[PDB]
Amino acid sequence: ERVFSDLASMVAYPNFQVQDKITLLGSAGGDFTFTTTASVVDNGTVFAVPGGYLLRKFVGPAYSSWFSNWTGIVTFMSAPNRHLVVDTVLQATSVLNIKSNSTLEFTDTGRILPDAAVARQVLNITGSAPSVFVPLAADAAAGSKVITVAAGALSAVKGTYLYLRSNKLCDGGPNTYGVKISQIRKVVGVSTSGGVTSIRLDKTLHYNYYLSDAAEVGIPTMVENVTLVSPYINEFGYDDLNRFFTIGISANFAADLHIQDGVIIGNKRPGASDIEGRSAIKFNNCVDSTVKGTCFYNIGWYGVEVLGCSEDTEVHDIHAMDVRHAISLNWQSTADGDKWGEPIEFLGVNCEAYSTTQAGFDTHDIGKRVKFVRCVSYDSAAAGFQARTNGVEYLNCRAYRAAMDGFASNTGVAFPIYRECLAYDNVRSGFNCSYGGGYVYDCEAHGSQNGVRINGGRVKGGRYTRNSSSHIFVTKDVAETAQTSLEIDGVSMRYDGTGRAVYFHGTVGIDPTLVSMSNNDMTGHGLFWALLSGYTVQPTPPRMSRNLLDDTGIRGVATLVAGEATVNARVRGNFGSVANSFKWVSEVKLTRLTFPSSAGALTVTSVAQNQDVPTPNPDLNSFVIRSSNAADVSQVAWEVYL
């Protein structure tokens, strides 16, 4: 029975015995066990005393309120298998390292305040790359379940990881730095026969790992199974105390790092210039790791930065406000030497970005199997969404009021895919995939200079309004870029008092005949469905099939007399030779409804367009139906398309 009113009196007591019941009162109070066994002092769970150590008695988590200082918290978390609840406002004076099979959980009032004296990292989860590699014993193609090495070359242990690499270049995108391939894999099976060890992997290989590329494998040091529950890093008012940090949570060679909720604030001043490298959360070479629900304010660089061979990474439900990019998959500069790894299998879902200084959601020029689902960007100073790697897919994403494009690719980038994406009031365009093609499926763009900028690919379905120049702008980033075929099919791009339907950019070498336009609603554009600029000679039009140009005077029945009838209808065309124009006329579909013996072959001729001044009346436009038989008295149904 030993009770102490304060810590100093408890730890000075010389007579502790192993059988004593020991109690401390006050803010870090609790019950303790005396031992002579060497114990790791942290002044929270273990205290030094004369003749031994006091160990706090507890089950379940430890609490930050038990600790005398930050240094002790660091000591405690330097071991694996820790569960610490941050129930106090901690003042960091160093990085907090978290080790495997550990949980750091915050109560609603728990905080880590970074050091105002020195900008540094706050939480680190730090493995490392192998120091030594061994060659594969044989080529391992993409899809391989097993890799092979010489028997005894590598100590592969089931449940631990391998890091594979070769000189093959990352292939997700343009890869201008020439980053080389790597992947992290878990060992799940081992067998040895004929001097070769076959190592079965959790997941299959996503490139060919060939001996001609010096394919090799080593054992990384991973930090696995770390859970960060509601991390609260910094606090509002930080800027008045000059209290910043560099990277909030930095992970390297982590597996199953899961970050839930929390708020990370203030590694730059509010609204201030970007600061290179100062991301809130950084996943470098991390596998099966996620961020879900976290909020970000006033961040110098990226909210969530994903790089190296980070694989099966997901970001859900984040809110990022005043950051450079909310999410950015990154490249690695090879200016000072080789680098390995591109992200593989990335999901961003239900994320929100406001007032990003650069793209809301971003990739650089490497990365594979990147998907954004139901994300939204508001008021970006650049694009809402930027793809710089090939074939990035966007499902039901939305971009509002980007200063440039709602959604864009960039120089050298191939065929982003936009499905049911919606773009509102972005200044330049809704979708800009004029760099290297795009697939724009059932998308909408409203309130831009042009709805879609595109050099090739497909615009299928969707709906476009309030675009001042045109709904679709067939153009390029630069004239040197190749135009490819463009299908525009099933698109609603009606006249609403704003721009034209389609703008063909002769200035950069657009050939309109590489465009095909079928079954589009172009109602109301009249003679001004197309805009053309920069043509030296009148170009040939796109192929056009069964588009709608008018909604009145577009179907009826005429009765031939002596093989002819004149029909008033909104038939349309241009027969001039002006360089920035097309020569074209309506497709008038004719079907015979009575069957006299004088039935002949039918044609449209004598297209006349009323040119009353001041303003033309298109209901007095007309065409003639003429029969090859001069006695024809057939009733003929007529239908007017573009």
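Start at 1 and count along the sequence shown; that's the residue number.
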Quick one: say whether 158-166 or 532-540 has the higher mean Cα B-factor in the deposited entry. 532-540
Mind pulling up the entry and telling me whether 280-288 or 267-275 has the higher mean Cα temperature factor? 267-275
Top Cα B factor in the deposited entry, candidates 141, 116, 351, 179: 116
In terms of CA temperature factor as recorded, identify the highest of 563, 360, 462, 451. 563
Tertile call for residue 224 (CA temperature factor, within chain, third-based) is the middle
Residue 381 CA temperature factor, ranked by third within the chain: middle
What third of its chain's C-alpha B-factors does residue 579 belong to: lowest, middle or highest? highest
Residue 428's Cα B-factor: lowest, middle or highest third of the chain? middle
Assigned third (lowest, middle, highest) for the C-alpha B factor of residue 243: highest
